[PDB]
Each structure stands twice: as structure tokens, then as C-alpha cells.
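A.B. asks: Provided herewith: run29.pdb, PDB, C-alpha atoms.
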ATOM      1  CA  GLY Y   1       6.006   4.911  22.950
ATOM      2  CA  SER Y   2       4.420   1.862  21.365
ATOM      3  CA  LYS Y   3       1.274  -0.187  21.851
ATOM      4  CA  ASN Y   4      -1.319  -2.098  19.866
ATOM      5  CA  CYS Y   5      -0.837  -2.902  16.199
ATOM      6  CA  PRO Y   6      -3.807  -3.642  13.928
ATOM      7  CA  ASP Y   7      -2.507  -6.012  11.280
ATOM      8  CA  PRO Y   8      -2.671  -9.621  10.069
ATOM      9  CA  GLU Y   9      -0.455 -11.855  12.172
ATOM     10  CA  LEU Y  10      -2.484 -13.185  15.078
ATOM     11  CA  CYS Y  11      -5.139 -14.823  12.935
ATOM     12  CA  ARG Y  12      -2.217 -16.014  10.844
ATOM     13  CA  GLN Y  13      -0.380 -17.892  13.568
ATOM     14  CA  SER Y  14      -3.784 -18.784  14.962
ATOM     15  CA  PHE Y  15      -5.067 -20.753  11.996
ATOM     16  CA  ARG Y  16      -1.483 -21.777  11.339
ATOM     17  CA  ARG Y  17      -1.394 -23.628  14.639
ATOM     18  CA  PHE Y  18      -5.067 -24.522  14.846
ATOM     19  CA  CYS Y  19      -4.281 -28.154  15.573
ATOM     20  CA  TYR Y  20      -7.199 -30.548  15.292
ATOM     21  CA  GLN Y  21      -9.758 -29.230  17.750
ATOM     22  CA  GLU Y  22     -12.030 -26.369  16.764
ATOM     23  CA  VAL Y  23     -13.575 -28.558  14.091
ATOM     24  CA  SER Y  24     -14.313 -32.179  14.909
ATOM     25  CA  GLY Y  25     -14.844 -33.009  11.254
ATOM     26  CA  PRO Y  26     -12.679 -33.782   8.216
ATOM     27  CA  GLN Y  27     -13.615 -31.197   5.613
ATOM     28  CA  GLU Y  28     -14.176 -29.017   8.655
ATOM     29  CA  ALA Y  29     -10.422 -28.878   9.122
ATOM     30  CA  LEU Y  30      -9.675 -26.867   6.003
ATOM     31  CA  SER Y  31     -13.114 -25.357   6.467
ATOM     32  CA  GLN Y  32     -12.180 -23.276   9.488
ATOM     33  CA  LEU Y  33      -8.589 -22.943   8.339
ATOM     34  CA  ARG Y  34     -10.001 -21.825   5.010
ATOM     35  CA  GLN Y  35     -11.849 -18.927   6.595
ATOM     36  CA  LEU Y  36      -8.660 -17.932   8.378
ATOM     37  CA  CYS Y  37      -6.548 -18.521   5.294
ATOM     38  CA  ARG Y  38      -8.744 -16.084   3.406
ATOM     39  CA  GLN Y  39      -8.535 -13.717   6.354
ATOM     40  CA  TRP Y  40      -4.799 -14.320   6.452
ATOM     41  CA  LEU Y  41      -4.032 -12.797   3.072
ATOM     42  CA  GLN Y  42      -7.515 -11.847   1.931
ATOM     43  CA  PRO Y  43      -6.126 -10.430  -1.324
ATOM     44  CA  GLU Y  44      -8.497  -8.012  -3.012
ATOM     45  CA  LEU Y  45      -6.160  -7.485  -5.944
ATOM     46  CA  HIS Y  46      -2.666  -8.122  -4.639
ATOM     47  CA  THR Y  47      -1.325 -10.821  -6.928
ATOM     48  CA  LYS Y  48       0.892 -13.655  -5.752
ATOM     49  CA  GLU Y  49       3.318 -10.864  -4.947
ATOM     50  CA  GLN Y  50       1.807 -10.078  -1.568
ATOM     51  CA  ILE Y  51       1.006 -13.722  -0.932
ATOM     52  CA  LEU Y  52       4.585 -14.657  -1.735
ATOM     53  CA  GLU Y  53       5.768 -12.110   0.802
ATOM     54  CA  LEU Y  54       3.151 -13.587   3.105
ATOM     55  CA  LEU Y  55       4.516 -17.101   3.435
ATOM     56  CA  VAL Y  56       7.977 -15.728   2.758
ATOM     57  CA  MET Y  57       7.599 -13.408   5.724
ATOM     58  CA  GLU Y  58       6.108 -15.780   8.269
ATOM     59  CA  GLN Y  59       8.969 -18.066   7.310
ATOM     60  CA  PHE Y  60      11.382 -15.156   7.138
ATOM     61  CA  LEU Y  61      11.356 -14.936  10.917
ATOM     62  CA  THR Y  62      10.445 -18.579  11.395
ATOM     63  CA  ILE Y  63      13.955 -19.325  10.188
ATOM     64  CA  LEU Y  64      15.416 -16.713  12.506
ATOM     65  CA  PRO Y  65      16.037 -17.511  16.179
ATOM     66  CA  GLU Y  66      14.150 -16.160  19.171
ATOM     67  CA  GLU Y  67      16.074 -12.947  18.632
ATOM     68  CA  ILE Y  68      13.330 -11.451  16.497
ATOM     69  CA  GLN Y  69      10.866 -12.883  18.987
ATOM     70  CA  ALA Y  70      12.701 -11.009  21.716
ATOM     71  CA  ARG Y  71      12.651  -7.702  19.876
ATOM     72  CA  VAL Y  72       8.995  -8.181  19.019
ATOM     73  CA  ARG Y  73       8.172  -9.421  22.499
ATOM     74  CA  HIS Y  74       9.605  -6.268  24.027
ATOM     75  CA  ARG Y  75       8.184  -4.388  21.066
ATOM     76  CA  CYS Y  76      10.610  -2.874  18.589
ATOM     77  CA  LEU Y  77      10.014  -4.631  15.289
ATOM     78  CA  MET Y  78       8.291  -2.671  12.547
ATOM     79  CA  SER Y  79      10.004  -3.365   9.244
ATOM     80  CA  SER Y  80      10.965  -6.771   7.902
ATOM     81  CA  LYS Y  81      14.272  -5.242   6.873
ATOM     82  CA  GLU Y  82      14.684  -4.063  10.446
ATOM     83  CA  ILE Y  83      13.954  -7.508  11.833
ATOM     84  CA  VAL Y  84      16.427  -9.282   9.583
ATOM     85  CA  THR Y  85      18.682  -6.358  10.407
ATOM     86  CA  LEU Y  86      18.802  -7.257  14.081
ATOM     87  CA  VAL Y  87      19.208 -10.931  13.272
ATOM     88  CA  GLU Y  88      22.068  -9.810  11.061
ATOM     89  CA  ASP Y  89      23.976  -7.718  13.572
ATOM     90  CA  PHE Y  90      23.112 -10.583  15.889
ATOM     91  CA  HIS Y  91      24.352 -13.727  14.184
ATOM     92  CA  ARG Y  92      26.890 -11.419  12.583
ATOM     93  CA  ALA Y  93      27.743  -9.026  15.389
ATOM     94  CA  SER Y  94      27.486  -9.133  19.165
ATOM     95  CA  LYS Y  95      26.346  -5.895  20.759
ATOM     96  CA  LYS Y  96      23.298  -3.862  21.710
ATOM     97  CA  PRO Y  97      20.721  -4.603  19.005
ATOM     98  CA  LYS Y  98      19.818  -1.275  17.444
TER
ATOM     99  CA  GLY P   1       8.929 -39.548 -23.251
ATOM    100  CA  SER P   2       6.039 -39.321 -20.817
ATOM    101  CA  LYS P   3       7.465 -38.360 -17.446
ATOM    102  CA  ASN P   4       5.492 -37.834 -14.260
ATOM    103  CA  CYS P   5       7.808 -36.006 -11.888
ATOM    104  CA  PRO P   6       5.663 -36.351  -8.758
ATOM    105  CA  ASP P   7       5.773 -33.205  -6.657
ATOM    106  CA  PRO P   8       2.558 -32.021  -4.990
ATOM    107  CA  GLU P   9       3.959 -29.840  -2.231
ATOM    108  CA  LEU P  10       7.313 -31.274  -1.217
ATOM    109  CA  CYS P  11       9.407 -28.180  -1.824
ATOM    110  CA  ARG P  12       6.716 -26.581   0.305
ATOM    111  CA  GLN P  13       6.670 -28.977   3.235
ATOM    112  CA  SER P  14      10.436 -28.765   2.922
ATOM    113  CA  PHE P  15      10.831 -25.003   2.802
ATOM    114  CA  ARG P  16       8.706 -24.674   5.916
ATOM    115  CA  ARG P  17      11.439 -23.386   8.196
ATOM    116  CA  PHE P  18      14.292 -23.352   5.708
ATOM    117  CA  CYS P  19      16.455 -22.515   8.698
ATOM    118  CA  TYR P  20      18.437 -19.298   8.925
ATOM    119  CA  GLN P  21      21.817 -20.998   9.004
ATOM    120  CA  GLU P  22      22.948 -17.625   7.711
ATOM    121  CA  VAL P  23      22.584 -18.045   3.968
ATOM    122  CA  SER P  24      25.588 -15.800   3.451
ATOM    123  CA  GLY P  25      23.586 -12.918   4.866
ATOM    124  CA  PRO P  26      20.235 -11.729   6.237
ATOM    125  CA  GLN P  27      18.320 -10.772   3.116
ATOM    126  CA  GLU P  28      19.638 -14.074   1.816
ATOM    127  CA  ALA P  29      17.054 -15.640   4.094
ATOM    128  CA  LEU P  30      14.106 -14.427   2.052
ATOM    129  CA  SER P  31      16.083 -15.192  -1.084
ATOM    130  CA  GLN P  32      15.827 -18.887  -0.305
ATOM    131  CA  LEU P  33      12.275 -18.658   0.983
ATOM    132  CA  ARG P  34      10.999 -16.290  -1.679
ATOM    133  CA  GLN P  35      12.313 -18.980  -3.993
ATOM    134  CA  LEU P  36      10.466 -21.841  -2.340
ATOM    135  CA  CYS P  37       7.450 -19.728  -1.464
ATOM    136  CA  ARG P  38       7.413 -18.329  -4.981
ATOM    137  CA  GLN P  39       7.316 -21.885  -6.276
ATOM    138  CA  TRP P  40       4.991 -22.746  -3.417
ATOM    139  CA  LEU P  41       2.061 -20.784  -4.796
ATOM    140  CA  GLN P  42       3.415 -19.562  -8.113
ATOM    141  CA  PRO P  43       1.160 -17.314 -10.207
ATOM    142  CA  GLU P  44      -0.882 -18.811 -13.020
ATOM    143  CA  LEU P  45      -4.244 -17.099 -13.317
ATOM    144  CA  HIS P  46      -4.840 -18.600  -9.894
ATOM    145  CA  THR P  47      -6.586 -15.892  -7.909
ATOM    146  CA  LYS P  48      -6.962 -15.985  -4.143
ATOM    147  CA  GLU P  49      -8.523 -19.356  -4.872
ATOM    148  CA  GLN P  50      -5.236 -21.224  -5.034
ATOM    149  CA  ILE P  51      -3.579 -18.901  -2.547
ATOM    150  CA  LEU P  52      -6.368 -19.601  -0.085
ATOM    151  CA  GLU P  53      -6.424 -23.348  -0.618
ATOM    152  CA  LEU P  54      -2.672 -22.963  -0.303
ATOM    153  CA  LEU P  55      -2.641 -21.866   3.319
ATOM    154  CA  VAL P  56      -5.654 -24.086   3.885
ATOM    155  CA  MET P  57      -3.578 -27.119   2.981
ATOM    156  CA  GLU P  58      -0.268 -26.236   4.590
ATOM    157  CA  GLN P  59      -2.401 -25.797   7.686
ATOM    158  CA  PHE P  60      -4.639 -28.806   7.177
ATOM    159  CA  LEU P  61      -1.365 -30.704   7.255
ATOM    160  CA  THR P  62       0.258 -28.842  10.121
ATOM    161  CA  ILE P  63      -2.909 -29.469  12.095
ATOM    162  CA  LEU P  64      -3.186 -33.100  11.061
ATOM    163  CA  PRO P  65      -0.692 -35.732  12.231
ATOM    164  CA  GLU P  66       1.918 -36.717   9.673
ATOM    165  CA  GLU P  67       0.201 -40.076   9.968
ATOM    166  CA  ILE P  68      -2.201 -38.560   7.466
ATOM    167  CA  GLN P  69       0.496 -37.514   5.024
ATOM    168  CA  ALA P  70       1.757 -41.061   5.430
ATOM    169  CA  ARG P  71      -1.567 -42.839   5.099
ATOM    170  CA  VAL P  72      -1.895 -40.877   1.879
ATOM    171  CA  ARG P  73       1.604 -40.554   0.469
ATOM    172  CA  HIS P  74       3.421 -42.565   3.110
ATOM    173  CA  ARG P  75       6.106 -39.902   3.266
ATOM    174  CA  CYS P  76       4.710 -36.673   1.870
ATOM    175  CA  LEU P  77       1.484 -35.031   0.760
ATOM    176  CA  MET P  78      -0.760 -35.805  -2.186
ATOM    177  CA  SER P  79      -4.421 -34.853  -2.054
ATOM    178  CA  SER P  80      -6.148 -32.969   0.736
ATOM    179  CA  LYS P  81      -9.089 -35.234  -0.006
ATOM    180  CA  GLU P  82      -7.072 -38.385   0.563
ATOM    181  CA  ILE P  83      -5.705 -36.906   3.768
ATOM    182  CA  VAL P  84      -8.997 -35.842   5.305
ATOM    183  CA  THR P  85     -10.184 -39.137   3.868
ATOM    184  CA  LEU P  86      -7.991 -41.345   6.022
ATOM    185  CA  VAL P  87      -8.775 -39.073   8.945
ATOM    186  CA  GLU P  88     -12.469 -39.615   8.327
ATOM    187  CA  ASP P  89     -11.886 -43.355   8.326
ATOM    188  CA  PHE P  90     -10.224 -43.058  11.713
ATOM    189  CA  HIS P  91     -13.093 -40.934  12.971
ATOM    190  CA  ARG P  92     -15.671 -43.372  11.657
ATOM    191  CA  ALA P  93     -14.842 -45.158   8.424
ATOM    192  CA  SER P  94     -17.369 -47.353   6.656
ATOM    193  CA  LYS P  95     -15.843 -48.553   3.407
ATOM    194  CA  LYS P  96     -12.275 -49.270   2.368
ATOM    195  CA  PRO P  97     -10.446 -46.310   0.816
ATOM    196  CA  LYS P  98      -9.952 -45.912  -2.916
TER
END
Please render this file's structure as C-alpha cells.
C.D. replies:
Amino acid sequence: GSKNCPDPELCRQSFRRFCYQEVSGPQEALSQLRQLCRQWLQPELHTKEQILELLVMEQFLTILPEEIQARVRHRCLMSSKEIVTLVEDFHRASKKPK
Amino acid sequence: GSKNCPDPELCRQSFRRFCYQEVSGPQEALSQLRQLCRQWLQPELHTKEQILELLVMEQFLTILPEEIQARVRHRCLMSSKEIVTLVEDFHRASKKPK
């Protein structure tokens, strides 16, 4: 089985694709995005290590095709290594993605 | 020799979607990113302050029309103030920009 998944990702892509709207002001742009940004990583001690893996991650799949989006869409993803794994056996192989 | 080497967040706005293009392998993906990302934020006694303002910007740019990054740099980014500045002028300027 598989359902739900409490973790930072929605608010991430949310504020990531805010697009001028929510705030109708200038400084209000980064204002709202700022609140999300903080809620994106919201590091309480995690150095630039976690952050690095933050942007690195989002981009990790961003670079990948819709393959990862297909596995995630139908639910399957769980580990970054796993994701890249599928993309590997994908752009590398050509068979049932396991 | 007093160089300048202008580079606010080019490698950043460039890394954004490095593109899989199979960098020899899967993990290789992060390799490239982790590199850009790493240099994107880069540690330097900069707590979540820089990290935050980091995503805040990248977003403030992704939300704003390149026209901003142009009206500021004319082909890149410079200062979030200058960006939101030009935007403010478009919303309801009042006095010529700096």
C-alpha cells in the first residue's frame, strides 16, 4: 500500500512557482516567497549540507524527464537514489522500471 | 591588479535545470548540480539567513518576468532591490531609478 506523505515538497514547488499574483507588491514578492523559502528548508541546525541537497534535489529530478514524474505520479518514489535509479535503468535500459 | 569578476547568481540561474543529458551516469546528475548548488549557496557563516534569501531570490526571479533581470542587469541578475525596483516603477513609479 501507499498513501499520503508528510514532507516538504508541495510548499516547495508552490512558492517556487508562485508567479506574480498572491502579492500585488514589490517587496511583497520575496515577502511571501520568503515565508515559504523558510518553510521550504527551515533549517534548525542543518548547515548548507541539507540546503545543498535541497536545491540539488529539486533540480536532481528537474533535470530528469517525466519518468520520475510518472513513478511519483503513480506513487513509487521514496529514495532519491531510487528515483535516479529508475531514470538510470530508463535512459540506460528499456524494461519494466523496478 | 584590482579585478571585479561580476557574478551575482549566474551559475545559479544557469544551473537551474542543468539537464540530465546523462552526465555519464545517474548519480552524475547530482554531481553537476551539487557543484552548482554548492556554489549557489556555499557555506560561510551564513545561517538560514542567506539560504532563505537564496530561495527567496531564485523565486523572486522565477516569479518575475526576465524583463526585470534585464531592466536590472539587461541579461542576468544583480540586486533583488533593483529588480523589485523596476517592477515598482512599472506598478507606479515616481522618480527615475538610480
A.B. asks: At a cut-off of 6 Å, which residues of chain Y touch chain P? Count all atoms listed in the file and give the answer as a compact mmCIF listing (two decimals) with C-alpha atoms, keeping the file's coordinate frame.
C.D. replies:
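Saved file iface-v7.txt follows:
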# COMPACT_ATOMS: atom_id res chain seq x y z
CA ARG Y 16 -1.48 -21.78 11.34
CA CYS Y 19 -4.28 -28.15 15.57
CA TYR Y 20 -7.20 -30.55 15.29
CA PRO Y 26 -12.68 -33.78 8.22
CA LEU Y 30 -9.68 -26.87 6.00
CA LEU Y 33 -8.59 -22.94 8.34
CA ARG Y 34 -10.00 -21.82 5.01
CA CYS Y 37 -6.55 -18.52 5.29
CA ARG Y 38 -8.74 -16.08 3.41
CA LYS Y 48 0.89 -13.66 -5.75
CA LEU Y 52 4.58 -14.66 -1.74
CA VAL Y 56 7.98 -15.73 2.76
CA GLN Y 59 8.97 -18.07 7.31
CA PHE Y 60 11.38 -15.16 7.14
CA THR Y 62 10.44 -18.58 11.40
CA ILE Y 63 13.96 -19.32 10.19
CA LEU Y 64 15.42 -16.71 12.51
CA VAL Y 84 16.43 -9.28 9.58
CA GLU Y 88 22.07 -9.81 11.06
A.B. asks: Once chain P is best-fit onto chain Y by all Cα atoms in order, what RMSD in Å is left?
C.D. replies: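 Once chain P is overlaid on chain Y, the RMSD is 3.8 Å.
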A.B. asks: I'd like the interatomic distance between CA of residue 76 in chain P and CA of residue 10 in chain P, to a tenth of an Å.
C.D. replies: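 So the two atoms, CA of residue 76 in chain P and CA of residue 10 in chain P, lie 6.7 Å apart.
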A.B. asks: Excluding residue 72 in chain P and residues on its chain fewer than 2 positions from it, collect all residues at most 6 Å away from it, counting only C-alpha atoms, and give them as a PyMOL selection string.
C.D. replies: chain P and resi 69-70+74+82-83
A.B. asks: Quick one: pull the distance between CA of residue 6 in chain P and CA of residue 73 in chain P, Å, one decimal.
C.D. replies: 10.9 Å
A.B. asks: So the first atom is CA of residue 95 in chain Y and the second is CA of residue 75 in chain Y; what is the distance between them in Å, to one decimal place?
C.D. replies: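 About the pair CA of residue 95 in chain Y and CA of residue 75 in chain Y: they are 18.2 Å apart.
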A.B. asks: Could you list, as a ChimeraX atom specification, every residue matched by the PyMOL selection byres ((chain P and resi 8) around 6) in this structure?
C.D. replies: /P:7,9,78
A.B. asks: Would you compute an axis-aligned box for range 47-60 of chain Y, covering every atom listed for it in the file with 5 Å of margin on each side, and report centre and edge lengths in Å to one decimal as JSON?
C.D. replies:
{"center_x": 5.0, "center_y": -14.1, "center_z": 0.7, "size_x": 22.7, "size_y": 18.0, "size_z": 25.2}
A.B. asks: Counting only C-alpha atoms, figure out which residue out of P:23, P:92, P:97, P:12 gets nearest to residue 77 in chain P.
C.D. replies: P:12
